[PDB]
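Asks: Just dropping this structure here.
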Ligand SMILES: *[C@@H]1O[C@H](CO)[C@@H](O[C@@H]2O[C@H](CO)[C@@H](O)[C@H](O)[C@H]2NC(C)=O)[C@H](O)[C@H]1NC(C)=O
Ligand SMILES: *[C@@H]1O[C@H](CO)[C@@H](O[C@@H]2O[C@H](CO)[C@@H](O)[C@H](O)[C@H]2NC(C)=O)[C@H](O)[C@H]1NC(C)=O
Ligand SMILES: *[C@@H]1O[C@H](CO)[C@@H](O)[C@H](O)[C@H]1NC(C)=O
């Protein structure tokens, strides 16, 4: 029913909401808040005071970026991570 | 219910939102004051500290904020004053 160009729109909407309004968009109206002030809320949630984030803001940012890059190289190598999605396809064909 | 159960969930939802100017911390005398359980807001001229889920502004005090280091490291530091509610009793 849903073409592959609509699921992309759904995920894009979810990403934009979660990076521009925090978690407040899932429980009512969306209320904007700066991202470095949202990561402080998350840090306070896990049990670390917020003043840790700001005084170490820049460094943290770098770490995050690096991690993302590694993913882009991790999926291409080790050609067995997507097996959970691959097997399904194969299974159906086999049956037919 | 016949062959089943029904739940009535009672929940709480924010209704009317207003939107202000915000800052991460306040520098007073070379010291950065961070909120304890709130967030700094500004209505245009004055600065208050508010709980995150309901607009209830209050005066910034030393009992309401905690100090950590100096105000040379944080990015969006701003300039303001803190009451320190002991002067009237001192006199
Ligand atoms: C922002 O909030 C401040 C704090 O209440 C307002 O300043 C007060 O305004 C009232 C209304 O004129 C005065 O009676 C008070 O004397 C003011 N307080 C002080 C310390 O002077 C301010 O008006 C608000 N800003 C706007 C645009 O309404
Ligand atoms: C907050 O206060 C600090 C300290 O007074 C300000 O930093 C000084 O700003 C003056 C300009 O008025 C410079 O001449 C000084 O060299 C600065 N450093 C000092 C005094 O150590 C800072 O600009 C203020 N923040 C504002 C006004 O947004
Ligand atoms: C928040 O401020 C912006 C600034 O332009 C304004 O467009 C918007 O309507 C404000 N939000 C509310 C709920 O008034």
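Chains as they are written, first to last, in the entry's author numbering: chain B, 879 to 974; chain A, 1071 to 1161.
We put the CB at the ideal spot given by N, CA and C, even for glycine.
Is it buried or exposed for residue 1117/A, if we count other Cβ within 10 angstroms and need 16 for buried?
Replies: buried
Asks: Using a Cβ cut-off of 9 Å, pull out every chain B residue sitting near residue 1144/A, in sequence order please.
Replies: Going along chain B in sequence order, the residues near residue 1144/A (Cβ under 9 Å) are 929, 932, 933, 935.
Asks: Can you give the Cα-Cα distance for residue 1133/A and residue 941/B, rounded to whole angstroms?
Replies: 35 Å
Asks: If you follow the alpha helix (DSSP H) that residue 898/B is in, where does it begin and where does it stop?
Replies: 882 to 898
Asks: Taking the alpha carbon of residue 1142/A as the point to measure from, which residue in 1103/A, 1114/A, 1121/A, 1077/A has its own alpha carbon closest?
Replies: Here the closest residue by C-alpha is 1103/A.
Asks: How many Å lie between residue 1087/A and residue 1112/A at the Cα?
Replies: 15 Å
Asks: Is it buried or exposed for residue 931/B, if we count other Cβ within 10 angstroms and need 16 for buried?
Replies: buried
Asks: State yes or no: is the C-beta of residue 908/B within less than 8 Å of the C-beta of residue 902/B?
Replies: yes
Asks: Just to confirm my understanding: we take residue 1149/A, look at its own chain, exclude 5 residues before and 5 after, and list those with CB closer than 8 Å. What are they?
Replies: 1096, 1097
Asks: Of the residues that make up the region 1101 to 1120 of chain A, which ones have a beta carbon closer than 7 Å to any beta carbon in chain B?
Replies: Flagged, chain order: 1104.
Asks: Quick one: is the Cβ of residue 943/B within less than 7 Å of any heavy atom of ligand 2?
Replies: no
Asks: According to the neighbour-count rule (16 or more other Cβ atoms, all chains shown, within 10 Å of its Cβ), is residue 957/B buried or exposed?
Replies: exposed
Asks: So within the region 926 to 958 of chain B, which uninterrupted alpha helix (DSSP H) runs reach at least 4 residues, ignoring any that extend past its ends?
Replies: 929 to 933, 935 to 952
Asks: Just the Cα atoms here: how many angstroms apart are residue 928/B and residue 1151/A?
Replies: 21 Å
Asks: I want to check one thing, is the minimum distance from the CB of residue 1113/A to the heavy atoms of ligand 1 below 7 Å?
Replies: yes
Asks: Assuming residue 1155/A and residue 1131/A make a contact with CB atoms under 8 Å, what is their CB distance in whole Å?
Replies: That belief holds up - the Cβ atoms of residue 1155/A and residue 1131/A are roughly 6 Å apart, short of 8 Å.
Asks: Please confirm if residue 1091/A has its CB atom under 8 Å from at least one CB of chain B.
Replies: no
Asks: Hey, could you find the ends of the beta strand (DSSP E) residue 1102/A is sitting in?
Replies: Residues 1102 to 1105.
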